[PDB]
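# starting from these lines, generate the structure:
(chains A, B and C, ligands or ions: 8)
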Amino acid sequence: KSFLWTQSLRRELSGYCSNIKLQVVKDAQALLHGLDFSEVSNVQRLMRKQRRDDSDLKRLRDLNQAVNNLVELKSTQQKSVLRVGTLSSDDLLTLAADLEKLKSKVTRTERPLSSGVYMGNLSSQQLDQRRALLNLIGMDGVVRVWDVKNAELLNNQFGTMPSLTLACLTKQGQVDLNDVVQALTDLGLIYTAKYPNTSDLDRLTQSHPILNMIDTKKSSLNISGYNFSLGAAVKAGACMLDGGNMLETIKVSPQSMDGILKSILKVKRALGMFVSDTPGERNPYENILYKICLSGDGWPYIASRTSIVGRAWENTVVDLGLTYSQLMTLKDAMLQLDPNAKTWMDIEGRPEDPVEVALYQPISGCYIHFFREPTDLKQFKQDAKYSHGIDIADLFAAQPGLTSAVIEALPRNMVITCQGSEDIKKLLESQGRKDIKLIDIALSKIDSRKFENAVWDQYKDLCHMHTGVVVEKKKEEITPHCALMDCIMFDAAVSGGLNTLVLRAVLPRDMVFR
Amino acid sequence: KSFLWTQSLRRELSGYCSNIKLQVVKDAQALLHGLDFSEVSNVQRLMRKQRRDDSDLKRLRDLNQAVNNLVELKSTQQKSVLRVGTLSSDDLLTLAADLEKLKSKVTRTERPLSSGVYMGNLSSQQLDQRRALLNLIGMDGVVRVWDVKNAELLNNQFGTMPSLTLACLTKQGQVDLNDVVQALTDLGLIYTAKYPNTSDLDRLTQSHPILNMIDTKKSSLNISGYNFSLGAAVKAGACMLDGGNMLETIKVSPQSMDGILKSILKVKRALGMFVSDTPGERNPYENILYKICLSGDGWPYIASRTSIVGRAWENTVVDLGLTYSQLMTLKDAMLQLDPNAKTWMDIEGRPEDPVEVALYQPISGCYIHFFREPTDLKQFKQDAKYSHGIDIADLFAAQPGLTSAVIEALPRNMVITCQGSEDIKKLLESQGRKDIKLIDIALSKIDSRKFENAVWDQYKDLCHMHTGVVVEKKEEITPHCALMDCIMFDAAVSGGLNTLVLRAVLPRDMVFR
Amino acid sequence: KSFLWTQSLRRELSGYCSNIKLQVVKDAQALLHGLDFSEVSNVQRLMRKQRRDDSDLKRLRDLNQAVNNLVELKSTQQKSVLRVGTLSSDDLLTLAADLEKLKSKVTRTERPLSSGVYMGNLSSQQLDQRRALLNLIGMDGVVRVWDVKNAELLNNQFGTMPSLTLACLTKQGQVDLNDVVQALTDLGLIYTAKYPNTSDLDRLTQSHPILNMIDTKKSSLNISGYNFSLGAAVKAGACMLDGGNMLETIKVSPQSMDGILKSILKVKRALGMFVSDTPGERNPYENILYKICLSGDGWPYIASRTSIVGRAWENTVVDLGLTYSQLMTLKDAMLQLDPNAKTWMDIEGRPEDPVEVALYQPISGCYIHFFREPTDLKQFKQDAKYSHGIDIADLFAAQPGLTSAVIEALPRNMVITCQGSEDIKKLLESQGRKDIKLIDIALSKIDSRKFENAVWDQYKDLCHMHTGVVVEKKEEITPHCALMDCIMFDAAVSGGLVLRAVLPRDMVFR
Ligand SMILES: [Mn+2]
Ligand SMILES: [Mn+2]
Ligand SMILES: [Mn+2]
Ligand SMILES: [Mn+2]
Ligand SMILES: [Mn+2]
Ligand SMILES: [Zn+2]
Ligand SMILES: [Zn+2]
Ligand SMILES: [Zn+2]
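Numbering: from 1, shown residues only, chains lettered A, B, ... in the order given. Ligands and ions are numbered 1, 2, ... in the order given. Structure as follows:
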């Protein structure tokens, strides 16, 4: 059923496939020669930890950039732009659709590994429902695997490579290289007829003892390229064979990129392939579509991709409220909120025409931040003059529907704290949520903006929306008001000071803009 | 199309599958210590030949017997009589049907290797139609691969056996046994997912270089268990798994045989499996059905069956004109004859009611010999006492429609010599054949039976139908046989009886029901 | 590669061409004066209908008569019998094999419009494999364009003639006659160099605004000559130039038909031309060989072939087991059947040697009916006396092989109703199609023949195969027809009592 998709894709794309054994074995032997395999063991030890940080990530990345200096099979950073040539106008619509579906699927699978999910003080059903997602995606009260300052540094660091695999099995398994090649050759042949299972690897193990090391019924989620998964072994086995149509052996180029995708959409239409609305393991169509859109120059499956920054939906653009798919990602990202924690909220613009919305939980250092186009532009210029200093031409790019979707998804029975309950009340009540209880702090003007300078020095990087000169009639310039910076400084006003805390965004950055 | 047929039978016969990996390696280890592999070489040399004689079969049977004596995994002579129990009445009706069609297909595929096909003086169409039968089945004027005294001695001698295969690759291929067990396992694993082919064997040889011994582009037809076919290698691989629903491991017993046949039928029913009415390689259903019905006790696929007598349709029977598939076997049987050669004919019983019919070709030595149930009980009795001495009770088990079908399939424009034409004329006539010219030679009473005693002395065993005491106007005389008349009327002409072993055109099973 | 074939044919057939720039306009003028273009717009309306019947075909055929009555460039009824002479015995065999291929292509493209294809309860893949087919040829469940009682009235009615195109562009486009000639000539000068496309005519229209009535897509299939296709304008623009060896201008005669055929087969041989076995539009080779073999008198491209009767393999014959080509015709003929509906089956003779075979679906009203040669005569000559009464000389001409070819082409899972089973079971099992379930209705022999004399009164003309006198053990009785048995047994279950052949009319007898 998932091997059927794979089979049809082999035939259709067989003309882009080739023998690569010599290039692979060369990289394996070069790793066997150059690489510090005790550091391979060190990175594996770090992947056994349930909780990992920046020191673990640096070690992984350093080992990644050590492998990358020794292999000749690498993918280069290449942007890709697609138009009506070769691909039909109908084909680019489908791609755009499937890519934004993929976007949702991959963000809901991988992001909670870094962003985290709240597993503390919740109802019995909610925990059961959160546990089911975290069982599925491979995963105080906030549980996460990667506690990092920059989660973008987790991109493309976890892919599996045939040559690295072949080298790792040879050194760590303590047998000759050829034995390993002749082992994955027999595995590679199982794969020409079925996706290999537990019993398959068992009986080969009797003739090739190496295949013990490999873990068969482990997931491909929350693993590195240094681990001995079923997928890494199967992939490495596909490249040792003498031909022919093995999908792993695809190379992409600017000259070949469109045709592969055109051929992918032909199979998809013939068999009814689709991007899953579920988080978890990638299906055959999800896997190929991501690996090709990741780079316009390289080998989608088997190359070195650790040099590549960004995602597949970013590295490839289509030139032509919230989607059900976006709604899902948003609803999963918000499970990061502790509903029992103290929560600030602030807005810029009048409550019935908001242009900036923020929420802030000071103890976890997690925040919601987003934007909206105004309706009353004639009133927007007034607030640009005297309050927020936002230019509307920079709000054009704000993703629509975000205002209602966040206020709808807010934890029920949460208590929101605000400097002036007035407008916040008329906002939540309007967006359908009267239930949310509100505190009024009621500070004075001098005491609310006491830590205004302190907050902008530490956190300026988190909002770039405020450009316009703001005045205060007596005219003289003042600091423009950010909705986010307001929240932080109002918490500091009450606290009596401001700590150094690395803030974590609840929303993905891909969601704020279009 | 047919790997599913296997995959489905695998799923339903699971409980009959088993672990024999050890017992095969044990039987190979015994062959490695006991078998003369130089004699294996000698038999393989005989299989490379086009024409094979009685001495080649003697060597082949002697070696098979030596293999047989050493292996612990053998099949036993166990006959099966099927009764309504585990199998429903319809299940049994389906079994009987298929065994008739299977009988036809396997006779048409195997028997011409011995019986032969005339390939001399014919129309271009007749030769192309015939040479296209030879490539379907993997095969003076007569073409044959086996020229033997008795073609029952060919039966069950050619099967493949994993332990023999295992033993032969080890000793002839000059590698250790352990590395042979390694190689076959990986092939056996592939066999779970697909039937391995050209490249599948090519790429496997790259780690295990014992596998270029095995021939890929060679069929299963016209080869012995000593040859390294893909099927023998694939078969042996199946045994290399401690588990897996492989049909090759199955054990049959008087207790389990019905239930096995029941399970096969469900798979056949479900998918729509069938016996193909075209000669050639066996389909998975034809294969399983044959091997199971040969012996009620033993291992259908993997045992030594070299000591088993009878074809599977004789060893297993159901208890509760010709069939379409009997006809195609009959038409295929007739191709042995030289249509241009000298050909005799003779009948016993009235031309309107023949009880015995025989045709004889004196040069190739081949004959048609069959019987028929009469209708004129009155005329029969006086003929019996004056001519053939055939007991009417011995004729009820004769195949009906055999007169029609044989006379039809006789080649157009043949020349028949006969003693007395009036009779032969009326029988060929009322059947569509006026095209055949008849030569009546003028042999008087005395001369036509000069070598009568000589013919019966030499050929008695060919006819057992004449038991009654025949008399002339009184004293006893020798009963008239259609076939013995044909031979002796030829003897009169030639001035001497020939000294040869005769070959039958008709499959022996086909004469009686 | 198809304009190559055009070009190459043009040079080799240069001397059977003339000019015709006078008579084309002459007949176009004789149309301007004496033809109502309201009925022409009425025809365009009818061809715009998604379903069409006998009354719409009447309005077409009468207009194909009225145009034929005025014009002096016409083809007339002329049969051709190809003998050796100019065409070597090797040319004849290549011409007989190609016309046979051509039969299979033209039938699979044009016939489904009338006969219909079932697009109801089927597997997605079937709905894929069958819609693919429709978009190639330009097309309850059964979808059809022409629903007519006589489908032979459809033949030679959709033809395209330049003069008819000329007179149509003039009156309907409201420009002067000359401006139509000026516009199409300029398109004809493009036809000497390449086959005009989307942009060719788009730029022509910039000087010739009258050329906007014309489509690039689509097509050249379920259109009539009253439409404005690309080809109609192209053919017209060819007959506007002086000389140049223009294919469209070819006139055939009983003295010249062999040499023109002799010419074609050289170019085919020299290039690699052949009759496509895939349905759709004609390649230039299919089109030339078809237009010529239609008639041996007139202008195969530009004449008034609207009163010509019978197809090109019928109107032209050669004088010296089914063919690969006919089996694909048969498989696309069995697509008409609704496999999810009440279906009968009946045969004559014994199951191991059937001489007449029938299947019938009442609700739609379609049937399968064919004959076979017997093998056993002793049994056939008795069945003739006491069951069917068919003469053996009538059974030689029946197409051999249809019996197994139809049975295998049956839909999988279909359920048959019969009277009785057993011998229907014996037949579908010899062929090895057990998957088919059988219902015996098992009526009494008197109850089976209640509506006997009624069915032979409404459907007699559908079978002319029963000649001999069938007797009962004696008195004369009405012979048994396998097809007439299908309809009467249906009536005995219905209590009461059109028909469309599933099998091609041309495939029953060879
Ligand atoms: Mn990175
Ligand atoms: Mn504010
Ligand atoms: Mn191995
Ligand atoms: Mn005699
Ligand atoms: Mn009937
Ligand atoms: Zn801001
Ligand atoms: Zn005898
Ligand atoms: Zn009839």
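
# who touches the nearest residue to residue A:250 once chain neighbours are set aside in this structure?
Spatial nearest neighbour of residue A:250, excluding adjacent residues (C-beta to C-beta, 6 or more residues apart in numbering or on different chains): residue A:16 at 5.2 Å. (Each C-beta comes from the backbone N, C-alpha and C, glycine too.) Taking C-beta atoms under 8 Å, 6 or more residues apart in numbering or on different chains, we find residue A:16 in contact with A:250, A:251, A:256, A:259, A:260.

# is the residue most central in space within chain A in a helix, a strand, or coil?
Among the residues of chain A, the one closest to the centroid is residue A:107, at 4.3 Å (C-alpha atoms, centre = their mean). Judged by DSSP: H, G, I helix; E, B strand; the rest coil, the three-state class of residue A:107 is helix.

# give the buried residues for the helix or strand where residue A:179 lies.
Taking DSSP states H and E as the criterion, the element that holds residue A:179 is helix A:177-190. Neighbour-count burial for helix A:177-190, counted by 16 or more other C-beta atoms under 10 Å in any protein chain shown, picks out A:177, A:180, A:181, A:182, A:183, A:184, A:185, A:186, A:187, A:188, A:189, A:190.

# which SSE is immediately downstream of that helix?
helix A:198-205.

# touching ligand 3 at all, the helix or strand just after that next one?
Using DSSP H and E, the helix or strand that follows helix A:198-205 towards the C-terminus is helix A:230-238. No. Using C-beta under 5 Å from the ion, helix A:230-238 stays clear of ligand 3, coming no nearer than 11.6 Å.

# next helix or strand past helix A:230-238?
Counting by DSSP H and E, what follows helix A:230-238 is helix A:257-271.

# could you pull out the strands for chain A?
Taking DSSP state E as the test, the strands found in chain A are A:80-82, A:117-118, A:142-143, A:316-318, A:343-348, A:356-361, A:366-371, A:415-418, A:437-440, A:470-471, A:477-478, A:504-505.

# now those strands in CSV, with mean neighbour count?
Listed next are these as CSV, based on neighbours: other C-beta atoms under 10 Å in any protein chain shown:
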stretch, mean neighbour count
strand A:80-82, 16
strand A:117-118, 23
strand A:142-143, 17
strand A:316-318, 19
strand A:343-348, 24
strand A:356-361, 24
strand A:366-371, 23
strand A:415-418, 19
strand A:437-440, 13
strand A:470-471, 16
strand A:477-478, 12
strand A:504-505, 20
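
# these: which one's closest to ligand 6?
The closest of these to ligand 6 is strand A:356-361. By C-beta to the ion, the value is 5.5 Å.

# and that closest one, what does it pack onto?
Judged by 3 or more C-beta pairs under 8 Å, 6 or more residues apart in numbering or on different chains; DSSP states H and E, strand A:356-361 is in contact with strand A:343-348, strand A:366-371, helix A:402-409, helix A:483-495.

# let me have the ones you listed in TSV, extended by distance to residue A:447.
Output for the helices and strands packed on strand A:356-361, formatted as TSV (distance: least, C-beta to C-beta, whole Å):
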stretch	distance to residue A:447
strand A:343-348	16
strand A:366-371	22
helix A:402-409	29
helix A:483-495	6
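
# quick one: closest of those to ligand 8.
It is, among those and with distance given as C-beta to the ion, helix A:402-409, at 73.3 Å.

# which non-adjacent residue is nearest residue A:373?
Counting by C-beta to C-beta, 6+ apart, the residue nearest residue A:373 is residue A:395, at 5.0 Å.

# my guess is that neighbour meets residue A:375, correct?
No. Counting by C-beta atoms under 8 Å, residue A:395 does not reach residue A:375; the two are 11.7 Å apart.

# compare these two and say which is more crowded by neighbours.
residue A:395 (17 against 12; other C-beta atoms under 10 Å in any protein chain shown).

# gap between that one and residue A:368?
Going from residue A:395 to residue A:368 by C-beta to C-beta, to the nearest Å gives 17 Å.

# show me which residues of chain A sit near ligand 6.
A:463, A:465, A:482.

# how about the first one: what's its closest non-neighbour residue?
Put plainly, it is residue A:463. With C-beta to C-beta, 6+ apart, the residue lying closest to residue A:463 is residue A:482, at 4.9 Å.

# surely that neighbour touches residue A:464?
No. Checked against C-beta under 8 Å, the pair residue A:482 and residue A:464 is beyond contact range at 9.8 Å.

# looking at these two, which one has more neighbours?
Using other C-beta under 10 Å as the criterion, residue A:482 and residue A:464 rank with residue A:482 on top: 28 against 9.

# contacting residues for the more buried one?
A:348, A:356, A:358, A:388, A:463, A:465, A:466.

# dump the strands of chain A into a markdown table; add distance to residue A:70 as well.
Output for the strands of chain A, formatted as a markdown table (distance: least, C-beta to C-beta, whole Å):
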| stretch | distance to residue A:70 |
| --- | --- |
| strand A:80-82 | 27 |
| strand A:117-118 | 38 |
| strand A:142-143 | 37 |
| strand A:316-318 | 28 |
| strand A:343-348 | 50 |
| strand A:356-361 | 45 |
| strand A:366-371 | 40 |
| strand A:415-418 | 54 |
| strand A:437-440 | 59 |
| strand A:470-471 | 55 |
| strand A:477-478 | 56 |
| strand A:504-505 | 35 |
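
# dump the helices and strands packed on strand A:356-361 into JSON lines; add distance to chain B as well.
Listed next are the helices and strands packed on strand A:356-361 as JSON lines, based on distance: least, C-beta to the nearest C-beta, whole Å:
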{"stretch": "strand A:343-348", "distance to chain B": "56"}
{"stretch": "strand A:366-371", "distance to chain B": "50"}
{"stretch": "helix A:402-409", "distance to chain B": "47"}
{"stretch": "helix A:483-495", "distance to chain B": "57"}
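
# could you save those as JSON lines and add columns showing distance to ligand 7?
As requested, the helices and strands packed on strand A:356-361 are arranged in JSON lines below (distance: least, C-beta to the ion, whole Å):
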{"stretch": "strand A:343-348", "distance to ligand 7": "111"}
{"stretch": "strand A:366-371", "distance to ligand 7": "106"}
{"stretch": "helix A:402-409", "distance to ligand 7": "100"}
{"stretch": "helix A:483-495", "distance to ligand 7": "114"}
